[PDB]
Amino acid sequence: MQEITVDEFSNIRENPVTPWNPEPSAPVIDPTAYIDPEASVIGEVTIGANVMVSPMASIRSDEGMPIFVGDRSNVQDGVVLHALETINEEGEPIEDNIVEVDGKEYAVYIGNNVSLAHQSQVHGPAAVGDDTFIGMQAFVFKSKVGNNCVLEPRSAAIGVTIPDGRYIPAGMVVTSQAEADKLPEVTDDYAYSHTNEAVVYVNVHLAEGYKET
């Protein structure tokens, strides 16, 4: 006779053992967060309250760790998070690939009320301040996006530091500090000036709603 045992979250796995990762860690997920069954969370990850991780998302902390997703933020469909090796095989920090936020080191840091829209990708080292909207298909790698910024659909920041309150126009691929520093300011009449607030609201409500059903 058979006896079946079911794991309801085989998609929320843990870290594998590698020369740089001898002891597997597993995602720490706040109870209020909603991880879609078809999303994938692996390794040293920390998801906060009310985070809404949509289908096909892939948060994978197995090379560079850890990845942090703040409260009220959201990881939409297709979004991918990953980072470059933060530790070598001798247990030595690979400083170049580590970002620091408030005295804590991270391979990827997503603050609070941050929107990683459909298809965007953020790759460590990286940091994205609170209330920032990473638009559809955007890309952020080896950069530091400040607070209240807005990367419109298709923009990309690579190896630069976006100051707070700036926005990168659709399709613009920023790769020099000179350019970053000249980015436009988010004003009250800027089209995406309020997009984040709305997206956040919707997603936060989607999280709990999806939690019953």
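All residue numbers are counted from 1 along the displayed sequence.
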Taking the recorded C-alpha temperature factors, which stretch has the higher mean, 53-61 or 176-184? 176-184
Got a sec? Mean C-alpha B-factor, which is higher, 67-75 or 118-126? 67-75
Identify, among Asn97, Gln137, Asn113, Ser143, the residue whose C-alpha carries the highest B-factor in the deposited PDB entry. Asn97
Ranking the modelled residues of this chain by C-alpha B-factor as given in the entry, is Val108 in the lowest, middle or highest third? lowest
Would the CA B-factor of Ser155 place it in the lowest, middle or highest third of its chain? lowest
Determine, from the deposited record, the chain-internal third of the Cα B-factor for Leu81: lowest, middle or highest. lowest
Lowest, middle or highest third: where is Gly43 by C-alpha B factor in its chain? middle
Position of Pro31 among the chain's modelled residues by C-alpha B-factor, lowest, middle or highest third: highest
